[PDB]
């Protein structure tokens, strides 16, 4: 029957010429290929500036305890400067076709996670992107604050241990779980459907596994090879 699986470019479309994880180029290239969404990772600096980067440390600097001034001139793998979230969102605003899959990274206390989530929602709001921005996090305190602040927004849990029923009760609108969790709990995708929630799986790059997850009926696949997933979905729709 009909596949209902859409493609999320993990860290943007970075496995392509001139691109880099979590970059302006990767966001642009995700849009250029027509992916459903582009995922990116967000930290709050010591001085409350939101920046875009996966790892907790960049070139020996721990992002969450450093000021933005210490970090601002550090370069990505393609020579771009470390993006501010504001810069990321200014570019995303002109890219109309694409959903923004905003991962808030885990912060150092529950209260700091709440602060990072509040400031994230404020930035998304002032940049006029609340309609196109979905939140994901490993951190439960961050997720709960996004749910509280944005009851009509999409919020999915990353960490893998809560059933869809448990997530629905907390006000989540989806799960976004490691593929092995969904292999270990093969009924959770169906339960999400029954519960009116979305299912997302990360980070799936092997073609046999993409097929397995599409067969299971995941709403989204988060991948470092987004064009391969698109090809597979196109061939299957023939």
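Residue numbers count along the first chain shown, from 1.
J.: According to the deposited model, is the average Cα temperature factor higher in 90-98 or in 148-156?
T.: If you average the C-alpha B-factors of 90-98 and of 148-156, the larger mean comes out for 90-98.
J.: So, looking at the entry's B-factor column for Cα atoms, which has the higher mean, 41-49 or 209-217?
T.: Stretch with the greater average CA B-factor: 209-217.
J.: Using the entry's values, work out which of 195, 66, 30, 58 has the largest Cα B factor.
T.: Each of 195, 66, 30, 58 was compared by C-alpha B-factor; the highest is 195.
J.: Within this chain's modelled residues, let me know which third the CA B factor of residue 141 belongs to: lowest, middle or highest.
T.: Residue 141: CA B-factor falls in the lowest third of its chain.
J.: Relative to the other modelled residues of the same chain, rank the CA B-factor of residue 11 and answer lowest, middle or highest third.
T.: Lowest third, going by the recorded CA B-factors of the chain.
J.: Would you check the entry's CA temperature factor for residue 166 and let me know if it's in the chain's lowest, middle or highest third?
T.: Within its chain, residue 166 is a highest-third residue by C-alpha B-factor, going by the deposited values.
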